[PDB]
RNA sequence: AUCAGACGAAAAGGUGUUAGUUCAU
RNA sequence: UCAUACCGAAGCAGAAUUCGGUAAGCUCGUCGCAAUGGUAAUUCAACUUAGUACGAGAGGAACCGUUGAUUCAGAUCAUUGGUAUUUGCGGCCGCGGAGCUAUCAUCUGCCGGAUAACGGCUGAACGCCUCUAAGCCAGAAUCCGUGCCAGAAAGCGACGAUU
RNA sequence: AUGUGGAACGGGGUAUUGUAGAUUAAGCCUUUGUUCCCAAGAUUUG
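Here is the structure:
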């Protein structure tokens with residue numbers, strides 16, 4: 008990382030520049081920009097979407113896509129510096 | 003440990019019954035040692051016999 | 096550090112130990128028949144068990160001591176526990 | 002900004018949209034951290055599976071304009087839980103991080119630069135503030155309080196790291212103490 | 001509990017059934033049937049197919082929850 | 011073939027499920043029934059909020075792909091007394107009914123029409139002529155017994171099946187005393203039993219049944278485990294498929310009947326997983342041998358919306374009634 | 001004997017016995 | 001017997017764990033009983049627990065729930081993607097309902113004791129002590145039970161009709 | 001092996017492909033519809 018709620022290999026929409034309608038994976057900000085399952089934040093919060101919407105991001109923080117649809121997660125943006133460049137607004 | 007163990011012993015200490023049990027276990031250790039000498043098997047039996055012979059001599 | 100809470104049920108037949116070094120699981124020990132366990136008010140955190148069977152009382156004390164056993168902890172450093180203090184004839 | 006329990010993550014501000022009268026809370030996570038997030047209507051609802059109100063609700067004491075991407079039914083339940091003066095508006099914008107991209111404080115609504123003027127006005131209308139499109147994580151990077184201190188252990192996301200109420204603020208457990216004091220000075 | 005409308009077939013979209021697609025422009029498309037999804041994939045014009053209701057025809078504020086409001090909603 | 015227990019895998023002879031191990035009973039437990047014969051009405055995905063404290067779907071709407079079982083009422087026309095012996099558990103005597111239905115009489119026979127309908131006729135005479143002999147049999151059962159079961163049979167005519175031999179199988183009358191077991195059996199004699207009374211929609215059910223043969270995979274009697282009930286809908290109930298959230302009236306049967314099964318007009322139950330066997334196959338629903346204490350059984354079930362779309366083909370509407378006004382006026 | 005017996009690691013060890021002997025008190 | 005299940009020992013601060021073993025888990029019927037076998041799962045985790053006992057603190061306790069990742073087996077085609085003799089249909093194609101199939105889908109999947117190692121309590125020999133010689137024990141993915149799978153073609157019982 | 005008798009079609013429903021039509025259960029449902037046959041034909045059985 009440059010700074017998994019849903020089932021494994023779930024159909025996750027690549028919100029990043031990959032733009033895949035449903036890419037195999054998931055939790056929002058976990079990479080995975082969004083997911084059907086709620087991402088239980090350590091601060092007691094959740095983060096999810098209607099279905100799995102995990103963007104493409106490498107484990108080292110170098111996200112494959114730099115066009116994250118909507119605002120990327122702030123935890124994801126902090127964990128993945130390219131995800132921060134993918135979407136200026138960090139959720 | 004060390005300084006911490008000494009400070010704990012001075013402040014709290016240790017169970018006195020454990021020391022009495024340890025002395026009781028020491029007598030059991032001699033009985034266990036005789037049982038162990040009669041329970042060692044295979045290569046351990048030869049090693050135990052060699053250790054016992056060396057200790058006796 | 097963490098005080099141990101002792102609860103008596105069925106006229107001392109069942110003894111429940113809670114908050115043992117921060118443990119969140121309560122340990123329940125059932126005394127042998129013919130032995131009654133009560134908390135003496137003369138000495139704080141003192142439990143007195145009286146019965147007609149010496150073997151049953153000794154077995155109950157051993158079970159209580161075995162229940163309150165420190166696991167994966169230093170005996171010299173962590174001295175918290177429950178042990179038999181004194182034993183003798185009631186009369 | 003008062004440090005609140007947030008476990009490992011220092012972004013308690015993103016989790017809970019603290020406010021004087023619409024202090025939206027965090028749900029579906031750590032019970033102790035969620036209680037600290039609640040501590046001022048505690049809107050602890052996982053709207054659309056997202057309970058990070060401070061990262062998805064652009065507003066303040068007068069009301070929080072949660073993004074329309076979140077579930078309306080859960081938002082309606084959150085609106086019912088929230089006080090009547092607090093209006094839970096729907097932010098139908100591309101930037102789904104209403105709370106994190108828009109620092110819609112009660113006095114001034116620091117909306118996202120990518121958010122349109124109508125979306126900026128929607129956040130401003132909910133919080134009864136003036137719309138101001140600014141960077146595009148204005149809510150995350152800047153505390154929405156009615182000093183640019185790097186909250187969340189020096190992270191550039193100050194508002195996401197430390198929640199800011201209309202008349203107070205709430206930092207995270209691992210948020211920078213100096214930044215939290217700076218946020219307190221900014222929020223008076 | 002809201003029933004979505006099909007993007008291609010212009011019909012109700014029940015949960016589970018149908019196919020939901022997300023576009024790169026934050027556009028959500030729902031198909032009532034697999035044929036509608038295939039037609040949408042094939043770039044079929046909704047007005048060019050008489051099966052869809054769109055061709056046949058052309059040829077948000079929340080409120081406080083209350084018992085009376087629920088009764089009014091039930092009547093509507 | 012990894013599981014050595016099933017090997018050698020051979021097809022089960024009896025299509026009907028066999029309750030090899032009944033749950034343990036006690037006198038404190040009220041007299042009641044565990045196993046209930048049923049049929050695979052079908053299966054349908056239905057949405058439901060997942061109420062489970064500590065879960066990551068806690069109070070979250072999740073679609074539940076589940077299975078619905080046709081469970082017509084249960085008529086009992088016989089009782090068996092099992093006496094424990096050093097060699098094993100032996101049946102002391104069997105007391106069938108004075109009046110047997112045509113369906114259960116069809117079960118005793120291979121054909122109904124060729125025979126002269128002589129099944130249990132002279133027995134029906136001695137039962138009516140001498141009720142005291144039956145009283146002695148019941149008296150013999152009460153004094154010498156530990157296990158009491160009932161010979162209950164299905165009503166095929168209520169079901170939409172070509173089956174006409176009533177499927178019959180022993181069901182232990184769990185609870186109470188042997189005399190109390192017999193008393194309940196005698197009063198419920200020649201009476202139907204509804205599965206809604208047996209299962210409280212929250213109790214623990216391990217469905218057993220025989221699966222579907224494949225051209269020895271198939272016709273295997275396998276006992277499913279951890280399949281909780283969510284709704285025992287009644288056949289006369291038109292609101293069974295319409296819960297509180299989806300108040301729009303609908304029947305569990307998809308329009309045009311279930312897929313390869315037919316229409317449901319009788320009591321049905323609701324459970325998850327997949328049951329051994331395809332649609333319209335005999336299934337047995339019994340109480341769990343072990344008291345499953347996992348939160349999956351403990352959690353209350355508040356079903357959100359039943360689907361009834363045309364699963365056959367591609368059904369875009371769950372009920373015709375709404376689709377009539379939703380879609381334009383038909384040319385007809 | 002919790003490997004008897006019955007028909008080489010085998011030397012020995014034994015809180016293992018059986019009979020015990022001898023010597024100390 | 002690498003890990004793991006079990007514990008014991010070791011500073012093993014806790015985490016991280018190591019080693020030691022234990023441990024091969026990895027007449028015609030109708031309806032029933034179960035002698036005998038195979039085998040209940042199987043491999044491991046994380047969060048909660050507690051973000052704390054320990055620990056200067058940080059990192060991280062037993063137990064609880066949750067998320068699981070599996071293997072294999074059990075299912076079913078509802079969700080799911082196709083295959084598809086509706087080879088059905090519209091223009092050789094464009095595909096395909098049903099049916100079936102899936103680490104291609106959705107899923108479901110054990111038990112209580114005996115004890116092993118292991119440490120005991122009590123109690124002789126050895127007026128005491130003494131896991132032990134009498135006894136009472138604690139303690140295992142092991143074993144046995146248990147559950148499941150069959151059913152003694154040459155097992156059995158109850159019940160029906162009976163040329 | 002004389003009646004929800006079944007078996008067949010005539011179908012309806014039905015979705016498919018598909019631009020509404022045809023197949024229309026074939027392992028989709030179902031029939032107040034129709035006819036056919038049959039209160040069987042032999043064998044086995046104390």
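Residue numbers (the authors' numbering), protein chains in the order written: chain V, 8 to 10, 17 to 38, 54 to 58, 79 to 139; chain r, 3 to 59; chain H, 96 to 186; chain y, 2 to 40, 46 to 141, 146 to 156, 182 to 223; chain u, 1 to 59, 77 to 93; chain B, 11 to 225, 269 to 385. Cβ coordinates follow ideal geometry from the N, Cα and C atoms, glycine included.
Using a beta-carbon distance below 8 Å, is residue i in contact with chain B?
| i | result |
| --- | --- |
| residue 122 of chain V | no |
| residue 33 of chain u | yes |
| residue 56 of chain u | yes |
| residue 42 of chain u | no |
For a contact meaning CB atoms closer than 7 Å, what does residue i contact in chain V?
| i | result |
| --- | --- |
| residue 70 of chain B | 86 |
| residue 7 of chain y | 90, 91 |
Please check if any C-beta of chain u sits within less than 8 Å of the C-beta of residue i.
| i | result |
| --- | --- |
| residue 201 of chain y | no |
| residue 381 of chain B | yes |
| residue 368 of chain B | yes |
| residue 139 of chain y | no |
| residue 123 of chain y | no |
| residue 100 of chain y | yes |
For chain H, find out if any of its Cβ atoms is closer than 8 Å to the Cβ of residue i; answer yes or no.
| i | result |
| --- | --- |
| residue 16 of chain r | yes |
Are the C-beta atoms of residue i and some chain V residue less than 8 Å apart?
| i | result |
| --- | --- |
| residue 20 of chain u | yes |
Going along chain B, which residues have a C-beta under 7 Å from residue i?
| i | result |
| --- | --- |
| residue 29 of chain y | 68 |
Could you pull the DSSP bridge partners for residue i from this structure?
| i | result |
| --- | --- |
| residue 106 of chain B | B/88 |
| residue 58 of chain H | Shown here, chain H extends from 96 to 186; a query on residue 58 of chain H therefore has no answer. |
| residue 371 of chain B | Answer by DSSP bridge pairing: none, since residue 371 of chain B is not bridged. |
| residue 180 of chain B | B/161 |
| residue 48 of chain B | B/336 |
| residue 59 of chain B | B/71 |
| residue 4 of chain y | y/206 |
| residue 204 of chain B | Its beta-bridge partners do not exist; DSSP assigns none. |
| residue 74 of chain y | Residue 74 of chain y pairs with nothing; no bridge assigned. |
| residue 215 of chain y | In DSSP, residue 215 of chain y forms no bridge with anything. |
| residue 69 of chain y | y/66 |
| residue 96 of chain H | For residue 96 of chain H, which the question treats as bridged, DSSP gives no partner whatsoever. |
Check the Cβ of residue i against every Cβ in chain u and list those closer than 9 Å, keeping chain order.
| i | result |
| --- | --- |
| residue 86 of chain y | 79, 81, 82 |
| residue 360 of chain B | 14, 15, 16, 17 |
Taking all protein chains shown into account, decide if residue i is buried (16 or more other Cβ within 10 angstroms of its Cβ) or exposed.
| i | result |
| --- | --- |
| residue 1 of chain u | exposed |
| residue 191 of chain B | buried |
| residue 268 of chain B | Missing from the coordinates is residue 268 of chain B; the shown part of chain B jumps over it, going from 225 to 269. |
| residue 6 of chain y | buried |
| residue 219 of chain y | buried |
| residue 317 of chain B | buried |
| residue 93 of chain V | buried |
| residue 156 of chain H | buried |
| residue 98 of chain B | exposed |
Mind pulling the chain r residues with CB within less than 8 Å of residue i?
| i | result |
| --- | --- |
| residue 171 of chain H | 3, 7, 10, 16 |
| residue 174 of chain H | 10, 14, 15, 16, 17 |
Which chain V residues are close to residue i, counting only those with a beta carbon under 8 Å from its beta carbon?
| i | result |
| --- | --- |
| residue 26 of chain u | 117, 118 |
| residue 54 of chain y | 96, 97, 98 |
Please compile the residues from chain u whose C-beta is within a distance smaller than 8 Å of the C-beta of residue i.
| i | result |
| --- | --- |
| residue 42 of chain y | Because residue 42 of chain y lies between 40 and 46, and chain y jumps straight from the first to the second, it has no atoms in this structure. |
Listing by chain order, which chain u residues have their CB less than 7 Å from the CB of residue i?
| i | result |
| --- | --- |
| residue 26 of chain V | 22 |
| residue 32 of chain V | 24 |
Contact criterion: CB-CB distance below 8 Å. Does residue i meet it with respect to chain y?
| i | result |
| --- | --- |
| residue 108 of chain V | no |
| residue 136 of chain V | yes |
Note to self: Could you tell me which whole alpha helix (DSSP H) segments of length 4 or greater appear in the stretch 302 to 352 of chain B?
What the structure shows: 348 to 351
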